[PDB]
>>> print(open('model.cif').read())   # mmCIF, C-alpha atoms; chains and numbers go by the auth columns
data_my_file
loop_
_atom_site.group_PDB
_atom_site.id
_atom_site.type_symbol
_atom_site.label_atom_id
_atom_site.label_comp_id
_atom_site.label_asym_id
_atom_site.label_seq_id
_atom_site.Cartn_x
_atom_site.Cartn_y
_atom_site.Cartn_z
_atom_site.B_iso_or_equiv
_atom_site.auth_seq_id
_atom_site.auth_asym_id
ATOM 1 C CA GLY A 1 0.961 24.103 19.723 0.00 1 A
ATOM 2 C CA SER A 2 -1.094 23.756 16.564 0.00 2 A
ATOM 3 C CA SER A 3 -1.698 20.629 14.520 0.00 3 A
ATOM 4 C CA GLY A 4 -2.636 21.408 10.936 0.00 4 A
ATOM 5 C CA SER A 5 -2.064 18.941 8.123 0.00 5 A
ATOM 6 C CA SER A 6 0.713 16.422 8.644 0.00 6 A
ATOM 7 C CA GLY A 7 1.560 13.243 6.772 0.00 7 A
ATOM 8 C CA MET A 8 2.092 12.261 3.156 0.00 8 A
ATOM 9 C CA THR A 9 0.203 11.012 0.123 0.00 9 A
ATOM 10 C CA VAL A 10 1.574 7.663 -0.984 0.00 10 A
ATOM 11 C CA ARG A 11 0.189 6.542 -4.324 0.00 11 A
ATOM 12 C CA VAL A 12 -0.499 2.849 -4.783 0.00 12 A
ATOM 13 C CA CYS A 13 -0.650 2.114 -8.492 0.00 13 A
ATOM 14 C CA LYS A 14 -2.478 -1.166 -8.010 0.00 14 A
ATOM 15 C CA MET A 15 -1.337 -3.940 -10.318 0.00 15 A
ATOM 16 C CA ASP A 16 -4.376 -3.298 -12.481 0.00 16 A
ATOM 17 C CA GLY A 17 -3.532 0.377 -12.802 0.00 17 A
ATOM 18 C CA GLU A 18 -5.944 2.387 -10.686 0.00 18 A
ATOM 19 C CA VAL A 19 -3.753 4.144 -8.149 0.00 19 A
ATOM 20 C CA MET A 20 -4.964 4.800 -4.623 0.00 20 A
ATOM 21 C CA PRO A 21 -3.847 7.805 -2.564 0.00 21 A
ATOM 22 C CA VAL A 22 -2.805 6.464 0.819 0.00 22 A
ATOM 23 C CA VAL A 23 -1.930 8.557 3.849 0.00 23 A
ATOM 24 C CA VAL A 24 0.765 7.847 6.409 0.00 24 A
ATOM 25 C CA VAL A 25 3.053 9.515 8.920 0.00 25 A
ATOM 26 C CA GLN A 26 6.057 11.472 7.704 0.00 26 A
ATOM 27 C CA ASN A 27 8.025 8.566 9.119 0.00 27 A
ATOM 28 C CA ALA A 28 5.912 5.593 8.106 0.00 28 A
ATOM 29 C CA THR A 29 7.088 2.151 7.058 0.00 29 A
ATOM 30 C CA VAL A 30 6.210 -0.596 4.609 0.00 30 A
ATOM 31 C CA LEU A 31 3.888 -2.075 7.207 0.00 31 A
ATOM 32 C CA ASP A 32 1.975 1.120 7.885 0.00 32 A
ATOM 33 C CA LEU A 33 1.587 1.601 4.151 0.00 33 A
ATOM 34 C CA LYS A 34 -0.182 -1.744 4.078 0.00 34 A
ATOM 35 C CA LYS A 35 -2.280 -0.870 7.104 0.00 35 A
ATOM 36 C CA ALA A 36 -3.084 2.463 5.502 0.00 36 A
ATOM 37 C CA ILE A 37 -3.994 0.972 2.144 0.00 37 A
ATOM 38 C CA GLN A 38 -6.352 -1.136 4.222 0.00 38 A
ATOM 39 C CA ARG A 39 -7.516 1.733 6.400 0.00 39 A
ATOM 40 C CA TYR A 40 -8.248 3.490 3.130 0.00 40 A
ATOM 41 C CA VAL A 41 -10.782 0.984 1.858 0.00 41 A
ATOM 42 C CA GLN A 42 -11.841 -0.246 5.277 0.00 42 A
ATOM 43 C CA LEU A 43 -12.442 3.074 6.993 0.00 43 A
ATOM 44 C CA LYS A 44 -13.977 4.252 3.739 0.00 44 A
ATOM 45 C CA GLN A 45 -16.425 1.367 3.615 0.00 45 A
ATOM 46 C CA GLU A 46 -17.172 1.781 7.303 0.00 46 A
ATOM 47 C CA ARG A 47 -18.029 5.423 6.727 0.00 47 A
ATOM 48 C CA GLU A 48 -19.870 4.294 3.618 0.00 48 A
ATOM 49 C CA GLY A 49 -21.693 1.547 5.476 0.00 49 A
ATOM 50 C CA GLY A 50 -19.854 -1.419 4.010 0.00 50 A
ATOM 51 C CA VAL A 51 -18.425 -4.678 5.301 0.00 51 A
ATOM 52 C CA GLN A 52 -14.930 -5.782 4.355 0.00 52 A
ATOM 53 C CA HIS A 53 -14.823 -8.405 1.630 0.00 53 A
ATOM 54 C CA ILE A 54 -11.204 -8.349 0.523 0.00 54 A
ATOM 55 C CA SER A 55 -8.772 -11.062 1.549 0.00 55 A
ATOM 56 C CA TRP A 56 -5.963 -8.702 2.475 0.00 56 A
ATOM 57 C CA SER A 57 -4.372 -11.768 4.023 0.00 57 A
ATOM 58 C CA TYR A 58 -3.663 -13.394 0.679 0.00 58 A
ATOM 59 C CA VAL A 59 -3.269 -10.092 -1.128 0.00 59 A
ATOM 60 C CA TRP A 60 -0.502 -9.034 1.229 0.00 60 A
ATOM 61 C CA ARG A 61 0.624 -12.648 1.231 0.00 61 A
ATOM 62 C CA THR A 62 0.813 -12.608 -2.550 0.00 62 A
ATOM 63 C CA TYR A 63 1.838 -9.169 -3.755 0.00 63 A
ATOM 64 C CA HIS A 64 4.287 -6.574 -2.492 0.00 64 A
ATOM 65 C CA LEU A 65 4.795 -2.834 -2.772 0.00 65 A
ATOM 66 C CA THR A 66 7.233 -1.571 -5.377 0.00 66 A
ATOM 67 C CA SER A 67 8.389 1.876 -6.429 0.00 67 A
ATOM 68 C CA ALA A 68 11.450 1.765 -8.653 0.00 68 A
ATOM 69 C CA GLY A 69 13.461 -1.408 -8.195 0.00 69 A
ATOM 70 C CA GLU A 70 13.244 -0.977 -4.441 0.00 70 A
ATOM 71 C CA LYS A 71 11.192 -3.879 -3.142 0.00 71 A
ATOM 72 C CA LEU A 72 9.205 -2.648 -0.164 0.00 72 A
ATOM 73 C CA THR A 73 9.379 -5.808 1.910 0.00 73 A
ATOM 74 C CA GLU A 74 11.085 -4.857 5.153 0.00 74 A
ATOM 75 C CA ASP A 75 8.519 -3.481 7.571 0.00 75 A
ATOM 76 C CA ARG A 76 11.078 -2.521 10.187 0.00 76 A
ATOM 77 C CA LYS A 77 12.599 -0.277 7.545 0.00 77 A
ATOM 78 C CA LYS A 78 11.111 3.185 7.181 0.00 78 A
ATOM 79 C CA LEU A 79 10.004 4.170 3.698 0.00 79 A
ATOM 80 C CA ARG A 80 12.124 7.294 3.976 0.00 80 A
ATOM 81 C CA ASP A 81 15.003 4.837 4.043 0.00 81 A
ATOM 82 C CA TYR A 82 13.807 3.177 0.859 0.00 82 A
ATOM 83 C CA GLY A 83 13.925 6.559 -0.835 0.00 83 A
ATOM 84 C CA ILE A 84 10.180 7.074 -0.672 0.00 84 A
ATOM 85 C CA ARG A 85 9.087 10.564 0.306 0.00 85 A
ATOM 86 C CA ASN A 86 5.904 12.611 0.399 0.00 86 A
ATOM 87 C CA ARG A 87 4.051 12.732 -2.898 0.00 87 A
ATOM 88 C CA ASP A 88 5.619 9.601 -4.335 0.00 88 A
ATOM 89 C CA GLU A 89 4.421 6.983 -6.792 0.00 89 A
ATOM 90 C CA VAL A 90 4.290 3.419 -5.524 0.00 90 A
ATOM 91 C CA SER A 91 2.810 0.357 -7.185 0.00 91 A
ATOM 92 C CA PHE A 92 2.177 -3.292 -6.402 0.00 92 A
ATOM 93 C CA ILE A 93 4.140 -6.286 -7.628 0.00 93 A
ATOM 94 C CA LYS A 94 3.634 -10.024 -7.945 0.00 94 A
ATOM 95 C CA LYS A 95 6.077 -12.445 -6.367 0.00 95 A
ATOM 96 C CA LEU A 96 8.296 -14.450 -8.688 0.00 96 A
ATOM 97 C CA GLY A 97 5.655 -16.053 -10.874 0.00 97 A
ATOM 98 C CA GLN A 98 4.937 -16.743 -14.526 0.00 98 A
ATOM 99 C CA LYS A 99 1.333 -16.081 -15.476 0.00 99 A
ATOM 100 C CA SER A 100 -0.921 -13.241 -14.395 0.00 100 A
ATOM 101 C CA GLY A 101 -4.618 -12.675 -13.810 0.00 101 A
ATOM 102 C CA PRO A 102 -6.078 -10.833 -16.809 0.00 102 A
ATOM 103 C CA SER A 103 -8.975 -8.400 -16.702 0.00 103 A
ATOM 104 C CA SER A 104 -9.873 -7.154 -20.162 0.00 104 A
ATOM 105 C CA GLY A 105 -9.410 -8.887 -23.494 0.00 105 A
#
>>> encode(input="model.cif", output="structure tokens")
Amino acid sequence: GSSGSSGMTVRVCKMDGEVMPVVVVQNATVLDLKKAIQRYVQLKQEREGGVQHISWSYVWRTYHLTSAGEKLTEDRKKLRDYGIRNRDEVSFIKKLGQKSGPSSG
């Protein structure tokens, strides 16, 4: 047939604030999202001649993806099931903690 533009733009309002437009399949999952978020900075760097220098291991193993009360933890669960659709606003969250890493001030 004809393959035009398929997928969705999932926004990742990083904890800090700066949101990152991630792309995924119309039927992506929490996992993919992560992979994408990574393939967004990774692929980018690669195309921009850059070597990875972000411990996604800890990051992923430290923060999660949130939207609106719905904790995006399950990877075997499609986002569409979480209520996340194309052109949505998702942000990161910090596991049950107390303090937080400041930036300004």
>>> resolve_selection(input="model.cif", expression="the PyMOL selection byres ((chain A and resi 54) around 12)", output="list in words")
residues 37, 38, 41, 42, 45, 50, 51, 52, 53, 55, 56, 57, 58, 59 and 60 of chain A
>>> atom_distance(input="model.cif", atom1="atom CA of residue 32 of chain A", atom2="atom CA of residue 20 of chain A")
14.8 Å
>>> atom_distance(input="model.cif", atom1="atom CA of residue 88 of chain A", atom2="atom CA of residue 34 of chain A")
15.3 Å
>>> closest_residue(input="model.cif", among="A:73, A:9, A:98, A:62", to="residue 85 of chain A", atoms="all atoms listed in the file")
A:9
>>> atom_distance(input="model.cif", atom1="atom CA of residue 89 of chain A", atom2="atom CA of residue 14 of chain A")
10.7 Å
>>> residues_around(input="model.cif", residues="residue 36 of chain A", least_positions_apart="4", cutoff="12 Å", atoms="all atoms listed in the file", output="ChimeraX atom specification")
/A:7-12,20-25,28-32,40-44,56
>>> axis_aligned_box(input="model.cif", around="segment 33-52 of chain A", padding_each_side="5 Å", output="JSON")
{"center_x": -10.1, "center_y": -0.2, "center_z": 4.6, "size_x": 33.3, "size_y": 21.2, "size_z": 15.4}
>>> closest_residue(input="model.cif", among="A:3, A:81, A:39, A:15", to="residue 27 of chain A", atoms="all atoms listed in the file")
A:81
>>> resolve_selection(input="model.cif", expression="the PyMOL selection byres ((chain A and resi 94-97) around 8)", output="PyMOL selection string")
chain A and resi 62-64+92-93+98-100
>>> decode(input="model.cif", residues="segment 34-50 of chain A", atoms="N, CA, C and O atoms", output="PDB file, in the first residue's frame")
ATOM      1  N   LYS A  34      10.076   3.930  27.140  1.00  0.00           N
ATOM      2  CA  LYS A  34      11.409   4.037  27.707  1.00  0.00           C
ATOM      3  C   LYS A  34      12.446   3.927  26.589  1.00  0.00           C
ATOM      4  O   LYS A  34      13.307   4.794  26.446  1.00  0.00           O
ATOM      5  N   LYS A  35      12.331   2.852  25.821  1.00  0.00           N
ATOM      6  CA  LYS A  35      13.248   2.617  24.719  1.00  0.00           C
ATOM      7  C   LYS A  35      13.285   3.855  23.821  1.00  0.00           C
ATOM      8  O   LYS A  35      14.360   4.324  23.450  1.00  0.00           O
ATOM      9  N   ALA A  36      12.099   4.346  23.495  1.00  0.00           N
ATOM     10  CA  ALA A  36      11.983   5.520  22.646  1.00  0.00           C
ATOM     11  C   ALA A  36      12.752   6.680  23.279  1.00  0.00           C
ATOM     12  O   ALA A  36      13.705   7.192  22.691  1.00  0.00           O
ATOM     13  N   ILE A  37      12.313   7.061  24.470  1.00  0.00           N
ATOM     14  CA  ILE A  37      12.949   8.151  25.189  1.00  0.00           C
ATOM     15  C   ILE A  37      14.468   8.030  25.050  1.00  0.00           C
ATOM     16  O   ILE A  37      15.169   9.037  24.958  1.00  0.00           O
ATOM     17  N   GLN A  38      14.932   6.789  25.040  1.00  0.00           N
ATOM     18  CA  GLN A  38      16.355   6.524  24.914  1.00  0.00           C
ATOM     19  C   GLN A  38      16.795   6.667  23.455  1.00  0.00           C
ATOM     20  O   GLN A  38      17.848   7.238  23.173  1.00  0.00           O
ATOM     21  N   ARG A  39      15.966   6.139  22.566  1.00  0.00           N
ATOM     22  CA  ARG A  39      16.256   6.202  21.144  1.00  0.00           C
ATOM     23  C   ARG A  39      16.113   7.637  20.634  1.00  0.00           C
ATOM     24  O   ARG A  39      16.430   7.925  19.481  1.00  0.00           O
ATOM     25  N   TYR A  40      15.637   8.500  21.520  1.00  0.00           N
ATOM     26  CA  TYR A  40      15.449   9.899  21.175  1.00  0.00           C
ATOM     27  C   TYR A  40      16.727  10.702  21.422  1.00  0.00           C
ATOM     28  O   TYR A  40      17.056  11.604  20.654  1.00  0.00           O
ATOM     29  N   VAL A  41      17.414  10.344  22.497  1.00  0.00           N
ATOM     30  CA  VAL A  41      18.649  11.020  22.855  1.00  0.00           C
ATOM     31  C   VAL A  41      19.834  10.255  22.262  1.00  0.00           C
ATOM     32  O   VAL A  41      20.830  10.858  21.863  1.00  0.00           O
ATOM     33  N   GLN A  42      19.688   8.939  22.221  1.00  0.00           N
ATOM     34  CA  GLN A  42      20.734   8.085  21.684  1.00  0.00           C
ATOM     35  C   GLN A  42      20.886   8.317  20.180  1.00  0.00           C
ATOM     36  O   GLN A  42      21.915   8.816  19.725  1.00  0.00           O
ATOM     37  N   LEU A  43      19.847   7.943  19.447  1.00  0.00           N
ATOM     38  CA  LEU A  43      19.853   8.103  18.003  1.00  0.00           C
ATOM     39  C   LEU A  43      20.270   9.534  17.655  1.00  0.00           C
ATOM     40  O   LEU A  43      21.063   9.748  16.740  1.00  0.00           O
ATOM     41  N   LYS A  44      19.716  10.477  18.403  1.00  0.00           N
ATOM     42  CA  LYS A  44      20.021  11.881  18.186  1.00  0.00           C
ATOM     43  C   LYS A  44      21.535  12.086  18.255  1.00  0.00           C
ATOM     44  O   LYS A  44      22.146  12.560  17.298  1.00  0.00           O
ATOM     45  N   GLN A  45      22.098  11.720  19.398  1.00  0.00           N
ATOM     46  CA  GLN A  45      23.530  11.859  19.606  1.00  0.00           C
ATOM     47  C   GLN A  45      24.298  11.188  18.465  1.00  0.00           C
ATOM     48  O   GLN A  45      25.192  11.792  17.875  1.00  0.00           O
ATOM     49  N   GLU A  46      23.922   9.947  18.190  1.00  0.00           N
ATOM     50  CA  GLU A  46      24.565   9.188  17.131  1.00  0.00           C
ATOM     51  C   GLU A  46      24.614  10.012  15.843  1.00  0.00           C
ATOM     52  O   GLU A  46      25.670  10.137  15.223  1.00  0.00           O
ATOM     53  N   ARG A  47      23.461  10.551  15.479  1.00  0.00           N
ATOM     54  CA  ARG A  47      23.360  11.359  14.274  1.00  0.00           C
ATOM     55  C   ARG A  47      24.077  12.696  14.471  1.00  0.00           C
ATOM     56  O   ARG A  47      24.404  13.379  13.500  1.00  0.00           O
ATOM     57  N   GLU A  48      24.301  13.032  15.733  1.00  0.00           N
ATOM     58  CA  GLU A  48      24.974  14.275  16.069  1.00  0.00           C
ATOM     59  C   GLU A  48      26.407  13.996  16.529  1.00  0.00           C
ATOM     60  O   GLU A  48      27.046  14.855  17.133  1.00  0.00           O
ATOM     61  N   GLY A  49      26.868  12.792  16.225  1.00  0.00           N
ATOM     62  CA  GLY A  49      28.212  12.389  16.600  1.00  0.00           C
ATOM     63  C   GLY A  49      28.446  12.583  18.099  1.00  0.00           C
ATOM     64  O   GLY A  49      29.201  13.464  18.505  1.00  0.00           O
ATOM     65  N   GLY A  50      27.781  11.745  18.882  1.00  0.00           N
ATOM     66  CA  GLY A  50      27.906  11.813  20.328  1.00  0.00           C
ATOM     67  C   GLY A  50      27.804  10.420  20.952  1.00  0.00           C
ATOM     68  O   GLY A  50      27.072   9.564  20.457  1.00  0.00           O
TER      69      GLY A  50
END
